[PDB]
Amino acid sequence: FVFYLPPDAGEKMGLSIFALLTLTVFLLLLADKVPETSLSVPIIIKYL
Amino acid sequence: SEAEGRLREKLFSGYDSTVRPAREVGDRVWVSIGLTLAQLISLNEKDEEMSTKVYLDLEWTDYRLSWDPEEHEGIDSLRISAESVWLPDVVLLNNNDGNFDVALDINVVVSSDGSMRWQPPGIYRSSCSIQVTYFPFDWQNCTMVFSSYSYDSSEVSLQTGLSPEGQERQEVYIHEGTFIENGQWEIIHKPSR
Amino acid sequence: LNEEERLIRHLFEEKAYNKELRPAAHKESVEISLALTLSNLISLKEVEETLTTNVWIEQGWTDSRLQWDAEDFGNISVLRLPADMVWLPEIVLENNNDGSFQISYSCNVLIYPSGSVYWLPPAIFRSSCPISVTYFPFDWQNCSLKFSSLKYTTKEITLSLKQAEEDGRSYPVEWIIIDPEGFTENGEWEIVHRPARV
Amino acid sequence: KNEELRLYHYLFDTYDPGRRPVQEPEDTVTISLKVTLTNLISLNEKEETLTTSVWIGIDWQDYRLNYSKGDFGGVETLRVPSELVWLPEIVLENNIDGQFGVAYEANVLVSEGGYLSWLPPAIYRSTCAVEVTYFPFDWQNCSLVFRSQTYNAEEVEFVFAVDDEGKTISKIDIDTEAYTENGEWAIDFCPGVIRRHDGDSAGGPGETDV
Amino acid sequence: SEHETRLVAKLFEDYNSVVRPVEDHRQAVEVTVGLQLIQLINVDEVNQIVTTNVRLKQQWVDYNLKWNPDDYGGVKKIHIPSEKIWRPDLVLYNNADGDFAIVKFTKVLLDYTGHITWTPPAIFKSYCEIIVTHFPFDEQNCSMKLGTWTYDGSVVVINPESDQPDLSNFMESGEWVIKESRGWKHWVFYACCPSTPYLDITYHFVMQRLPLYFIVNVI
Amino acid sequence: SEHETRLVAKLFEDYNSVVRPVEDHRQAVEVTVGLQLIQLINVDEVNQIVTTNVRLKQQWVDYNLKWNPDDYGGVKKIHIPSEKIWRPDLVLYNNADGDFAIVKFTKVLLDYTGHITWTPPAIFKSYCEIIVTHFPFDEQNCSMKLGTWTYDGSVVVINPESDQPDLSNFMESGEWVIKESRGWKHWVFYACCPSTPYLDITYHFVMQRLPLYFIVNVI
Amino acid sequence: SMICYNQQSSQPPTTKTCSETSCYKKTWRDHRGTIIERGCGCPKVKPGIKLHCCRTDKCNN
Ligand SMILES: *[C@@H]1O[C@H](CO)[C@@H](O[C@@H]2O[C@H](CO)[C@@H](O[C@@H]3O[C@H](CO[C@H]4O[C@H](CO[C@H]5O[C@H](CO)[C@@H](O)[C@H](O)[C@@H]5O[C@H]5O[C@H](CO)[C@@H](O)[C@H](O)[C@@H]5O)[C@@H](O)[C@H](O[C@H]5O[C@H](CO)[C@@H](O)[C@H](O)[C@@H]5O[C@H]5O[C@H](CO)[C@@H](O)[C@H](O)[C@@H]5O)[C@@H]4O)[C@@H](O)[C@H](O[C@H]4O[C@H](CO)[C@@H](O)[C@H](O)[C@@H]4O[C@H]4O[C@H](CO)[C@@H](O)[C@H](O)[C@@H]4O[C@H]4O[C@H](CO)[C@@H](O)[C@H](O)[C@@H]4O)[C@@H]3O)[C@H](O)[C@H]2NC(C)=O)[C@H](O)[C@H]1NC(C)=O
Ligand SMILES: *[C@@H]1O[C@H](CO)[C@@H](O[C@@H]2O[C@H](CO)[C@@H](O[C@@H]3O[C@H](CO[C@H]4O[C@H](CO)[C@@H](O)[C@H](O)[C@@H]4O)[C@@H](O)[C@H](O)[C@@H]3O)[C@H](O)[C@H]2NC(C)=O)[C@H](O)[C@H]1NC(C)=O
Ligand SMILES: *[C@@H]1O[C@H](CO)[C@@H](O)[C@H](O)[C@H]1NC(C)=O
Ligand SMILES: *[C@@H]1O[C@H](CO)[C@@H](O)[C@H](O)[C@H]1NC(C)=O
């Protein structure tokens, strides 16, 4: 929905990059749950 | 019971608990191994280890521990401390923490024909190779390998241990009333080979 | 020391006491009476689903071999012996989740001229308490401590609750005993019910 | 083993490990101490705990274990389990995990003239007060106090070991060829000092530690 | 050393560790109990535990372990393993998740008089009501109740060695300051038994937290 | 099993486990040492510790544990406890924080010729210098130095069973792959004693980290 | 080429031939005693190890 925001509102970065920040927070959330082996990649990490 | 004491003295006169029961040289000891899962504690992925609480079910025959019940006031069974009789050296081979043994030393039930039944409890941290590709929608195949550490096939022979039902089982036994399922894991198949 | 040591020689050397033999006939079961005292509730780990308790378990049973006439031993009325000298029913926590079935401190037993044996081993137990998270952080949990003998069956021993007396009337102790003066409540858990069942 | 068995029967048939090797009670057992640091495992700052791996060289004399090479076919030394000989119960006093003793109770070497050498290894978790003012650019002063657990300074006395030149080794020994430095900690100094203190009652027996 | 070996051989020829070491069974064993605090290891507030390093000095007299020094080469004191002799069964009643009794069985010092001094170490993990009202400026009062677990006051009497715990070898704590420390003996009588007291010695420590860490990193 | 009961009673009626199992004290005990790597448990790069699951097969001849099989029913090959016989005191010299020697005393397999096979398991926590400069594409060479702690090379000789560690029962790791492995015997002579050598066997393993986890989750 | 000594501490002397232009004697001490290692080259030593590199024939000992 950032592409539906007008350019004259001046809020495209403040939305999309903060979504990126929230995604980093969820990466921190999963940092202590997933296996640490390197034979394959978890599908949830692929999705993230 | 005094008759019980006299029976125990008669049975353990000249008995060596470190010597395998084999009347003739070349005789094997047939050991029947079953397992009852009391609780699946955990599957830790970061350590690749499954923690379980189990009861083993070990059955064999010691010819030296037989008696006539009619000569001992009708006693046809005994409950003897496990350190006093010969045990098979059955261990969990794929342990992950360095522990091979059972959790508690309990009694062995000895019948008048020499049949030995030992059902020790155990807590086991066995090795599981986690397949991570579909985590957390994954299923895992965790094995518990039990074997005699010392005796080879010419001395101790293993077989799958029968359930209380008198049929050739191939399955881990789970008591459906007293088993609380793990909140993270569902047991689909639980065979034994 | 004289009558104490005399009684010990009489009971364990003159009578040739055997701790491996249970104090009963071959077809009779020994009645073991159990009570539990909660010294403190340490923690309930939610992620590990583990309840840690400091509990003193009181075991009572009659051993007819460990009896004497008090007048033959200078009116001695109680003896204290190591638990590794007498027969024990070997009560353990079946419900543990760390492999520690047994009590912590194997203290002395107290035996009496009637043959009654009293034993109060304290223990620290880590048991499996599954967690219901539906109403968190307003949830309540139902943990249990299951005590049984893995060395003996119903034909060998009989488990029962402790019988206490008030005003000459007997009642079974159907609750966990908490000393009200000495108990410090857990910091995040308040106890609502303490039942006990056979 | 035809002579080692003879020596073992000659030495340990009438021997009491519970008694000090002294002909008189007022005599003192002198013990040469060396401490070799194999690894500096960690300094847990939150737990304030130094974890180290050490080998403790202890040398003393036992007149009851005296023998001669010529009367036993040339047996210079005999290796015996450490429970069959009297030991000085050396413990790390400033331990934090409750462990006072060594990790592996190795064999003691009994030589000709009653000389007894014991090199048990140990893993030690000791108390280190972490001075926090200059963290993370700080340096720390961590201590290892060794003392006899049951004997006083009038029954057990401590001296330092000596090198091939006879100089007194008043430091932690480090195998410089085999040493791997800790990834976070560099050892700058390791002096050793023998301390003697007045007893718990004035006029009574004193106490000593290294 | 041969006199000492002979003495130890005679002392433990007809010895019973189960028997209370008094001449007559109707008198109590006289035990003196002192507590030495080496280090305050940690105060865990969530589970209300205080873990400490202590030495538990216990002094009594064994009636059967007497000898005349003139018959044994002048030896007056020996060192004896504690597992060979009768001991009081001192237990931390308010233990949280540590050891109830002494597990490190060190050697005792035994005189020709029969006086036994036993100073084993222990890690005491004790339950303490923690008041967080004034945190991080809180004052705590934590106790160690000690008593003979299976012996009552009629058969074993325990007395404190001093009014206060010994803090002469106390390592400085970086988080707490011990403001006060004392030890109190308590006699407890029950309604069903008016003749046998139950004795305990409770050593309490009033501690004040140093608040600089939480001032800097939170406030 | 009455023949073997007779044999076990006969073999340990005058047996001594302290002294070395040789006919003459001037002979060294010849020990064959092999290391089996079952699982690489962990590589802790902060504290520089490699945790492995191993079996330490030790083979040697006991001179005093031989018998005629014809005198005992044809029994040739028995199993006895390891606690009651002489053993080598094999210590892991570079043990970080685990066990220095074998603590799991499994059974000894004993031939009628006195040959002993003893294969106890162990968890080896070995100190390894960890190079982190190329992490997560790093290569680590980590070793296990094993030797008789209190026996020099003139009284006990240790020989490698093979120049390679046994990897036939090695469980595949998810984070490391073993590119090469070897075992080297080393003789050390000291300036004071020209005559007595000191022997060790150092097994080493060169391992390469699988970098996929750190590629995906960090880079 | 160049002839260097290559025996260990207090052992009977033995020699070897090598293409480097330096012999080395490396001495250190462990808990048991003094180890001396002889060879060719001028290796890099850890701190605390006495190193003596020389440029002529049979100069280790
Ligand atoms: C923290 O925390 C902690 C805790 O943890 C705490 O601590 C605390 O502290 C406190 C203080 O502060 C304390 O208190 C104290 O204590 C003590 C002890 O107690 C105990 O003991 C006692 C005694 O006993 C005996 O005696 C009796 C009679 O008397 C009898 O009965 C008995 O049996 C016994 O006897 C025996 O012995 C004797 C000797 O001794 C002999 O003789 C005989 O024969 C016999 O043998 C007792 O009594 C007690 O008891 C009580 O208590 C309990 C509880 O605890 C209870 O249970 C019981 O019941 C009782 O009670 C009652 O009493 C009380 C009082 O005590 C009240 O309150 C109630 O109500 C009731 O009535 C025990 O067991 C004590 O002793 C003390 O006392 C004192 O004080 C009071 C008041 O307060 C009074 O009343 C009294 O009388 C006393 O006084 C005295 O002293 C003082 C000082 O101390 C002074 O000042 C005064 O003046 C007086 O003096 C006098 O006297 C003395 C003596 O004789 C003399 O010496 C002088 O010289 C003079 O003459 C107190 O109480 C506590 O305990 C603690 N706790 C614990 C430890 O636990 C802390 O504080 C905290 N901190 C913060 C918060 O900061
Ligand atoms: C690292 O920590 C070490 C302590 O573990 C530091 O060593 C200590 O340094 C202090 C001075 O900073 C010394 O204190 C001095 O001691 C002398 C002698 O003490 C006299 O009295 C005692 C009884 O109270 C008696 O036992 C002695 O024999 C002496 O008669 C005093 O004269 C001084 O005034 C002062 O108090 C410590 O003694 C010393 N401990 C030792 C050497 O064991 C060390 O300096 C620290 N290293 C650093 C920070 O670089
Ligand atoms: C014990 O008490 C009774 C009380 O009637 C007395 O008759 C008896 O002599 C006392 N002593 C003994 C040794 O029984
Ligand atoms: C050992 O015996 C020899 C010969 O009697 C003697 O010279 C030497 O001093 C003795 N050593 C000790 C420790 O007494």
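Since chain F takes its numbers from Swiss-Prot, the residues it shows come out as 21-239.
Cβ coordinates are placed from backbone N, Cα and C, and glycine is handled just like the others.
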Disulphide pairing with F:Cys212 per Swiss-Prot - partner from F:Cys162, F:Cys213: F:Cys213
Same-chain residues at least 6 apart in sequence whose Cβ lies under 8 Å from F:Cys148 (disulfide bond): F:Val63, F:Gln68, F:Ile69, F:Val70, F:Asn114, F:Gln160, F:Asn161, F:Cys162, F:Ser163
Disulfide-bonded residues listed as F:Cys162, F:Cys212, F:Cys213, least Cβ neighbours within 10 Å: F:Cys212
Disulfide-bonded residues in contact range of chain D, given that the Cβ distance is under 8 Å, out of F:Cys162, F:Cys212, F:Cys213: F:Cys212
Cβ neighbours of F:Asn161 (N-linked glycosylation site) where a neighbour is any other Cβ within 10 Å: 14
Recorded positions close to ligand 2 - of F:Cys148, F:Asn161, F:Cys162, F:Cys212, F:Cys213, only those whose C-beta is under 6 Å away: none
Secondary structure at F:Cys162 (disulfide bond), reduced by DSSP to three states: strand
Chain G neighbours, restricted to the recorded positions F:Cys148, F:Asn161, F:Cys162, F:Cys212, by C-beta under 8 angstroms: F:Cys212
